[PDB]
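**Q** Below is a structure I'd like to ask you about.
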Amino acid sequence: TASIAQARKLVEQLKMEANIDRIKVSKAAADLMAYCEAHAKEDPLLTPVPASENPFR
Amino acid sequence: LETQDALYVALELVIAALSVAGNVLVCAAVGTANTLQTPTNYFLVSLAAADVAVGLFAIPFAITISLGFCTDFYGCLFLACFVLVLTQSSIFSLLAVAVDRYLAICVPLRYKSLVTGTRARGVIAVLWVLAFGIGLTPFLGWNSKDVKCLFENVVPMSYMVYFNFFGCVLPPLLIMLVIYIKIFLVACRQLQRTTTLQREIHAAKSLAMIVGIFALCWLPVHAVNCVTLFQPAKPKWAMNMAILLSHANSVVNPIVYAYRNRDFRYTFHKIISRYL
Amino acid sequence: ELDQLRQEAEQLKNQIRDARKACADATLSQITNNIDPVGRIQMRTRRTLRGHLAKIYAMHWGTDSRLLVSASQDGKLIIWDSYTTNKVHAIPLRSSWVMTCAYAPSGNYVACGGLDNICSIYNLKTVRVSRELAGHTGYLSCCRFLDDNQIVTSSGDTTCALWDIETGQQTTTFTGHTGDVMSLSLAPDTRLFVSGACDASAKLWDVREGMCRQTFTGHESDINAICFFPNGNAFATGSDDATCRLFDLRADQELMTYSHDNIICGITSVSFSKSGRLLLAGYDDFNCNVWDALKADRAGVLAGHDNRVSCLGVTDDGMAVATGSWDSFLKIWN
Amino acid sequence: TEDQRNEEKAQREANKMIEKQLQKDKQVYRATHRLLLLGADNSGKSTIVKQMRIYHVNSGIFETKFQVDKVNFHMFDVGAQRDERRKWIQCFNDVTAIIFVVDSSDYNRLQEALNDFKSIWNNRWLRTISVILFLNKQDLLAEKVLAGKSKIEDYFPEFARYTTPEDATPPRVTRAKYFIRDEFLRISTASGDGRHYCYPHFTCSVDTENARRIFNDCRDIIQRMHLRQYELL
Amino acid sequence: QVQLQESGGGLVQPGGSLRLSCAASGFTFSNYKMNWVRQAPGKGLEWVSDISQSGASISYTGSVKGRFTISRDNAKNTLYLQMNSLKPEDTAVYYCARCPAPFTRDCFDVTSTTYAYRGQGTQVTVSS
Ligand SMILES: CC(C)CCC[C@@H](C)[C@H]1CC[C@H]2[C@@H]3CC=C4C[C@@H](O)CC[C@]4(C)[C@H]3CC[C@]12C
Ligand SMILES: CC(C)CCC[C@@H](C)[C@H]1CC[C@H]2[C@@H]3CC=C4C[C@@H](O)CC[C@]4(C)[C@H]3CC[C@]12C
Ligand SMILES: CC(C)CCC[C@@H](C)[C@H]1CC[C@H]2[C@@H]3CC=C4C[C@@H](O)CC[C@]4(C)[C@H]3CC[C@]12C
Ligand SMILES: CC(C)CCC[C@@H](C)[C@H]1CC[C@H]2[C@@H]3CC=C4C[C@@H](O)CC[C@]4(C)[C@H]3CC[C@]12C
Ligand SMILES: CC(C)CCC[C@@H](C)[C@H]1CC[C@H]2[C@@H]3CC=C4C[C@@H](O)CC[C@]4(C)[C@H]3CC[C@]12C
Ligand SMILES: CC(C)CCC[C@@H](C)[C@H]1CC[C@H]2[C@@H]3CC=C4C[C@@H](O)CC[C@]4(C)[C@H]3CC[C@]12C
Ligand SMILES: CC(C)CCC[C@@H](C)[C@H]1CC[C@H]2[C@@H]3CC=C4C[C@@H](O)CC[C@]4(C)[C@H]3CC[C@]12C
Ligand SMILES: N#Cc1c(N)nc(SCC(N)=O)c(C#N)c1-c1ccc(OCC2CC2)cc1
């Protein structure tokens, strides 16, 4: 007998997920590739640091 | 050199080489696999190290004694005592493996409480120093000082029959026999509570693959010594083939103990898949 | 008129789906065909952290990229020095069934929790329990620190809660998910945080207003792993369907799907590298895979463990990675 | 640079003390056998053991520590949790044994217990962990079958054609009891590559022999595990 | 998005025959195990039948053993339950349940009160 509340709650949340500005997927792709290209040099996993810089060796 | 003794020396050399190649493999497997760093494999790696020492030191010393050189009495007694120490350490470590298996089978609950790393290391050290003290008994007060380098010339048969065989070979053999008989009985009882005769026969064969091999290896030379001291009566190659059978125990131990386990086979499969 | 609300929710979800399909200009996979892939990546075990009795369940790296916390199912929270391998602290936990652990950014407090439904805070710069946040009706699955005063916790009662450490009360509660929430990940700007539940839904939440901002339903099975992108605009999720999915907070839809027909096991932990080019995910095949976040291809396999990998952690600078599995050993890869 | 070697050696000393503490705790860890306890609300899992030495109530878990023949046992009961149990059950993949208590008196809720046993047995991670079956509340079931008001045929038609096994060691009471036993066993024997088995035991709410039963079952479990480790089973 | 929509139901006379269908969307239906549950007014959930991925293993409870039958089509991502010999007490709302993990056999929370991978169900009334 309480679902009539819960259900309605759900639907409200739905419109609070509706009022949102959605960018294009190509925009997100370009942003992610740019962020990966900028910090690519600062990645020890992507670019293994030499034994002198690596604290583990 | 005599062709018979030459073939004997060559067979001893190839046996030592095969034993080393088989035991350093198990050593490296236990050393590089964290899953194998368990107190039950401590006795197995001790047996592997003992077989390595036998193949690298005991068999070459026995060969040098077989060459029939003329050196210091102590120079040959030291090699004989070292061979005896290494063989007794291998036997003691194999008995420790049997005792660990007995504790794991018949005492499954308290096993994790009984067999731990520290106690296993302590037992290993105790058996090692015990074998060292036993094998060095001729060096202390049981040498046959009456000199050609020969075992009979430096170690009398009395020590090998009374102290070694009747004292350090028969009690451990009987202990292992009772241990594996109880293990077989427990396995049969568990199989009856779970084609069952096929599994019972398989378990019996797997358990006999230790006792029968230990017998076929060690009992020949000891029986030869006994029939040489109690009632001296083809000694040209019977003693040599007895030594060969006794030294084949070190190379057959990895195939029966390590190469048959589950974790060892899993580690082997993993390391051969990583390298392939 | 309950079925009327049912169809209202259905048509709203259809609107959201068609809106997400409208902005779907292309797929990032076909867009990344112009850059050179990462190729083969090989890492070796530098240090092996031994000492845990039972299975390790969670781990977390500190901001200094040196000390790492690890929780073992025998009731032990151990702090390890990644450079020298020597243990710094070993806190005996009151409840042996621990499932999560956290390291504060200041390095002074550590969080713990599990089936006891209580979040315990231990002070390292006093070691005893500072506070015991209680009130959850479910098991603590994940915990993360926002500050030295507030802490976000995830419980199995389909609810998350941001508590105040000194007060000990629920500062904010989130009752949006329908399944048991498994893990959460804090954004680099610490204002938003994503959380994945046992349902096929992963929700973004705000620490200020206390409500669900966005929702993602791209997965098909229980979402157990989650991690945000270093920039704060994207986040990866992993589920038992052997599939990782990268969602965007701005696009509000799935971007890439990492999967392989040979990989049929579940996923436990997901995390990104320093630059986000690599995605390290531990699977139930006793190993971890390093996928390319832009190319979606397995670059490297870390199989030093002997059991299923339970936790995976990357440092703040990406100098090294740590993988903790149920074999009570932690493997450090670099 | 003495301050650096000093702090490093202090860290090494702290690591030595922590290693000593961990080695000391390993003894008490290996000395106790962790056991899982499960069952519905109708089952008497809360009072299944009568030889309990200490019975502690945590925030969400009931702990029961008891010693039998100098062997410790630390059983855990997870009751203060939601209905969804497919996730945290993976936390109990390292226990020595699982005791799933079933109320054999009720027939309508017996199907739920059978489904729960099937799900626990066919688990991917719990495949190496055995499940011990304890059919509690035998007096209620016996009085129910003697009264004849509620028949099992309404819920299980196979009981119409089922008969007591030949190896039964005690008639309708024993018939229904062995029927429930075999119905649980056929689900237990439906899967498993010999790595784990089920140990059915008929116990009452007033029976004090449960501790010895659990002791013997755990001994047999670890013995069969060690036998399978050595290719002896 | 995981969505399970069931059709049919309503009111049916006792002793007759009925068919309940279920359409699945948002995943690979051919990789997950399926189960059927029912909820009676004033009662808990009741599992009645299950079916594996390729239909190699099919099981029913003792209450509906033989009279009910279940099938699945992976080429259409559809589940079917044919109901016969209906009794007045067997009335309940029927729900579908999906395996939480693909190609497994451990279905834990299929009868849970708030399971996520389940439909909203259809009302099924039986009376003379
Ligand atoms: C003839 C002798 C010298 C052979 C040498 C034996 C060596 C190679 C073998 C025998 C016993 C083995 C050790 C026994 C078990 C352990 C404990 C484990 O936590 C680390 C590896 C370690 C320490 C093994 C390393 C390799 C080892 C030392
Ligand atoms: C040439 C002779 C002396 C060979 C001696 C055998 C030595 C090398 C082998 C045999 C048994 C082995 C030990 C057995 C188990 C342990 C306990 C472990 O926690 C540390 C390593 C340690 C202590 C091993 C070290 C190496 C070891 C002592
Ligand atoms: C019949 C002959 C071989 C008796 C042999 C007894 C020896 C091998 C065994 C029996 C019990 C063993 C001890 C059991 C307890 C410990 C505590 C542990 O922290 C160090 C090892 C140590 C000290 C063991 C050393 C070896 C030990 C003394
Ligand atoms: C290898 C040679 C030297 C003999 C091996 C010694 C070891 C394997 C044997 C000899 C004495 C034995 C111990 C004698 C006493 C006990 C008490 C018993 O309640 C538990 C087992 C325990 C602890 C035995 C364990 C195995 C044991 C330590
Ligand atoms: C070195 C040789 C000559 C003697 C070695 C004796 C040892 C290895 C053997 C002989 C008798 C054996 C014991 C006899 C039976 C028991 C009782 C059991 O509940 C625990 C193990 C224990 C205690 C055995 C441990 C190993 C044991 C002590
Ligand atoms: C001391 C001597 C004379 C008496 C003991 C005889 C021994 C060596 C015999 C008796 C039974 C034999 C075993 C019988 C069956 C098998 C299975 C086979 O696939 C491998 C060898 C193995 C395991 C045999 C090896 C040798 C064996 C162990
Ligand atoms: C494990 C099984 C095989 C039993 C172990 C004990 C057996 C092999 C032992 C017990 C007593 C031993 C015998 C004792 C006395 C003699 C007389 C001697 O002139 C030759 C050898 C011989 C005949 C021994 C050889 C082996 C022997 C028969
Ligand atoms: N004799 C004797 C003897 C023995 N009574 N026992 C053992 S070992 C049994 C044990 N330790 O349990 C061994 C050995 N090895 C020998 C031995 C030593 C040197 C040998 O090379 C000389 C060549 C010309 C014959 C030959 C045999």
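To be explicit about the labels: the chains of the structure tokens are called A, B, and onward in the order shown, and within each one the residues are counted from 1, while ligands get numbers from 1 in the order they are shown.
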From the DSSP assignment of the backbone, select every residue of chain E that is helix (DSSP H, G or I), and format the answer as a short mmCIF file (atom, residue, chain, number, x, y, z; two decimals) with C-alpha atoms, in the first residue's frame.
**A**
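Output file result24.cif is given in full below:
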```cif
data_model
loop_
_atom_site.label_atom_id
_atom_site.label_comp_id
_atom_site.auth_asym_id
_atom_site.auth_seq_id
_atom_site.Cartn_x
_atom_site.Cartn_y
_atom_site.Cartn_z
CA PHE E 29 19.48 -13.57 -22.46
CA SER E 30 21.26 -16.71 -23.72
CA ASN E 31 23.90 -16.55 -20.95
CA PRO E 88 -8.10 -21.80 -6.35
CA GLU E 89 -5.29 -21.59 -3.78
CA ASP E 90 -2.56 -21.44 -6.45
CA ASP E 109 18.43 -13.80 -4.28
CA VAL E 110 15.80 -14.85 -6.84
CA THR E 111 13.19 -15.01 -4.06
#
```
**Q** Name all residues at most 8 Å from segment 202-206 of chain D (count only C-alpha atoms; drop same-chain ones fewer than 2 positions away) and give them as a PyMOL selection string.
**A** chain D and resi 44+47-48+134-139+200+208+210
**Q** Compute the set of protein, DNA and RNA residues whose minimum atom distance to ligand 2 is at most 6 Å, using only C-alpha atoms and all ligand atoms, and state it as an mmCIF file with C-alpha atoms, in the first residue's frame.
**A**
```
data_model
loop_
_atom_site.group_PDB
_atom_site.id
_atom_site.type_symbol
_atom_site.label_atom_id
_atom_site.label_comp_id
_atom_site.auth_asym_id
_atom_site.auth_seq_id
_atom_site.Cartn_x
_atom_site.Cartn_y
_atom_site.Cartn_z
ATOM 1 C CA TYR B 42 59.670 -27.799 4.231
ATOM 2 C CA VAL B 45 62.652 -29.172 0.128
ATOM 3 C CA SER B 46 64.904 -30.632 2.837
ATOM 4 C CA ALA B 49 68.562 -30.444 -0.718
ATOM 5 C CA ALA B 50 69.744 -33.729 0.805
ATOM 6 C CA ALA B 53 74.144 -32.897 -1.598
ATOM 7 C CA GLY B 117 56.780 -23.273 10.211
ATOM 8 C CA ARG B 121 62.295 -25.830 10.881
#
```
**Q** How would you write, as a ChimeraX atom specification, the set of residues no farther than 8 Å from ligand 8 when counting only C-alpha atoms and all ligand atoms?
**A** /B:58-59,61-68,80,83-88,91,135,150-152,155,157,160-161,164-165,168-169,218,221-222,225,239-240,243,246-247
**Q** Return the neighbours of chain B among the residues of chain D, cut-off 8 Å, counting only C-alpha atoms, as an NGL selection string.
**A** :D and (27 or 30-31 or 71 or 218-219 or 222-224 or 226-227 or 229-233)
